[PDB]
Amino acid sequence: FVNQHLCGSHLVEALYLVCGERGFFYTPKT
Amino acid sequence: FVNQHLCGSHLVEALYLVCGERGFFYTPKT
Amino acid sequence: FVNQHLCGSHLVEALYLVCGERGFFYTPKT
Amino acid sequence: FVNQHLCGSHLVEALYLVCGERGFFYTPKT
Amino acid sequence: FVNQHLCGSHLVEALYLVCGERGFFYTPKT
Amino acid sequence: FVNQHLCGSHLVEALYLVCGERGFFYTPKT
Amino acid sequence: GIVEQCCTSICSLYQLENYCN
Amino acid sequence: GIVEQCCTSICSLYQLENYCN
Amino acid sequence: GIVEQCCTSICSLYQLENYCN
Amino acid sequence: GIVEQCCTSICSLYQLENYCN
Amino acid sequence: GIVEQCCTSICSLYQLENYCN
Amino acid sequence: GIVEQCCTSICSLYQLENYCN
Ligand SMILES: [Cl-]
Ligand SMILES: [Cl-]
Ligand SMILES: [Zn+2]
Ligand SMILES: [Zn+2]
């Protein structure tokens with residue numbers, strides 16, 4: 001795979017891709 | 001605001017817009 | 001909800017989210 | 001260009017790409 | 001990673017995330 | 001149509017839009 | 001749950017706001 | 001209309017261009 | 001317009017409703 | 001092919017990685 | 001390549017067709 | 001957090017799995 005900058009909507013789309021049915025958390029303040 | 005019909009990645013996009021910096025949890029069933 | 005920067009494609013996705021069936025206009029020159 | 005099959009948010013994305021800075025109106029039925 | 005169900009533009013988004021700077025070929029049938 | 005900056009995910013979404021069934025290649029290193 | 005409801009029926013942004021942090 | 005046609009059948013970018021400002 | 005309010009500056013979802021038909 | 005499989009059934013990111021340059 | 005033409009610079013939809021198969 | 005690791009810096013798909021439930 002690769003390392004890229006993933007920000008905002010794109011970061012959460014990526015989380016959705018990788019986690020799917022497992023679910024995920026997006027916690028930018030943490 | 002209007003009601004939404006959101007599947008897959010489109011739900012995550014809505015969560016992102018709704019929550020912004022607060023972040024969110026994506027928690028599908030099983 | 002929150003205040004965020006919404007630009008380009010992301011701005012129109014947000015308009016679609018909020019307006020839906022009502023429709024909307026994206027008029028960046030105005 | 002090819003013909004398109006576009007529902008929901010994907011139509012708005014196409015309008016954005018097609019119109020760019022000119023902007024566009026999104027006008028669904030009822 | 002989880003398995004994916006990806007149609008249309010969503011496949012291209014996955015390819016983009018997976019391949020990044022390496023790029024990719026999008027090759028649908030007929 | 002118009003000339004705009006199209007980068008990353010947005011560039012490949014645009015390629016998908018314009019090429020569709022023909023397929024395309026995204027080769028950023030070239 | 002919300003994920004399922006939004007896709008199989010409909011949901012509001014208000015309902016979505018419950019899933020924020 | 002266009003919104004409906006693009007989703008239920010097909011539409012071209014040329015047709016879409018009619019909705020620009 | 002919208003670009004200035006929501007992109008250059010920041011805006012709320014309620015502000016975005018300003019641009020609905 | 002991959003495009004069709006991902007949409008009609010399922011596919012993995014590993015399978016997708018085969019289409020990288 | 002494409003990045004230079006369409007991202008760094010700007011390009012048209014017709015230019016994007018250059019990258020179709 | 002994630003923003004720093006993946007947006008400000010860069011991260012892998014495997015790193016993104018860190019944020020799965
Ligand atoms: Cl961006
Ligand atoms: Cl979809
Ligand atoms: Zn973007
Ligand atoms: Zn979709």
# chains A, B, ... in the order shown; residues from 1 in each chain; ligands from 1
call {"tool": "calpha_fit_rmsd", "arguments": {"fixed": "chain B", "moving": "chain F"}}
result
1.3 Å
call {"tool": "interface_residues", "arguments": {"of": "chain I", "to": "chain B", "cutoff": "9 Å", "atoms": "only C-alpha atoms", "output": "PDB file with N, CA, C and O atoms, in the first residue's frame"}}
result
ATOM      1  N   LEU I  13     -24.189  24.730   8.986  1.00  0.00           N
ATOM      2  CA  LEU I  13     -25.180  24.075   8.171  1.00  0.00           C
ATOM      3  C   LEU I  13     -26.395  24.933   7.951  1.00  0.00           C
ATOM      4  O   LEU I  13     -26.985  24.847   6.895  1.00  0.00           O
ATOM      5  N   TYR I  14     -26.773  25.713   8.957  1.00  0.00           N
ATOM      6  CA  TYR I  14     -27.898  26.608   8.839  1.00  0.00           C
ATOM      7  C   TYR I  14     -27.606  27.684   7.834  1.00  0.00           C
ATOM      8  O   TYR I  14     -28.495  28.099   7.111  1.00  0.00           O
ATOM      9  N   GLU I  17     -28.230  26.450   4.289  1.00  0.00           N
ATOM     10  CA  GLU I  17     -29.627  26.512   3.913  1.00  0.00           C
ATOM     11  C   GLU I  17     -30.015  27.751   3.212  1.00  0.00           C
ATOM     12  O   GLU I  17     -31.013  27.750   2.463  1.00  0.00           O
TER      13      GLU I  17
END
call {"tool": "atom_distance", "arguments": {"atom1": "CA of residue 20 in chain I", "atom2": "CA of residue 2 in chain I"}}
result
11.5 Å
call {"tool": "calpha_fit_and_write", "arguments": {"fixed": "chain J", "moving": "chain L", "output": "JSON list (two decimals) with C-alpha atoms, in the first residue's frame"}}
result
[["chain", "number", "residue", "atom", "x", "y", "z"],
["L", 1, "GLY", "CA", -12.70, -7.09, -14.49],
["L", 2, "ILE", "CA", -12.50, -4.89, -11.42],
["L", 3, "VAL", "CA", -16.26, -4.06, -11.61],
["L", 4, "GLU", "CA", -17.17, -7.65, -11.45],
["L", 5, "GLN", "CA", -14.68, -8.52, -8.71],
["L", 6, "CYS", "CA", -15.22, -5.49, -6.44],
["L", 7, "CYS", "CA", -18.59, -3.94, -7.22],
["L", 8, "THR", "CA", -20.84, -6.78, -8.45],
["L", 9, "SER", "CA", -19.04, -9.16, -6.15],
["L", 10, "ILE", "CA", -16.96, -8.02, -3.15],
["L", 11, "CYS", "CA", -13.23, -7.71, -2.85],
["L", 12, "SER", "CA", -10.48, -6.98, -0.36],
["L", 13, "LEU", "CA", -8.01, -4.17, -0.21],
["L", 14, "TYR", "CA", -5.38, -6.67, -1.25],
["L", 15, "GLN", "CA", -7.43, -7.54, -4.31],
["L", 16, "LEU", "CA", -7.60, -3.83, -5.14],
["L", 17, "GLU", "CA", -3.77, -3.78, -5.29],
["L", 18, "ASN", "CA", -4.14, -5.92, -8.36],
["L", 19, "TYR", "CA", -5.03, -2.71, -10.23],
["L", 20, "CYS", "CA", -2.06, -0.67, -9.18],
["L", 21, "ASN", "CA", 0.60, 0.25, -11.66]]
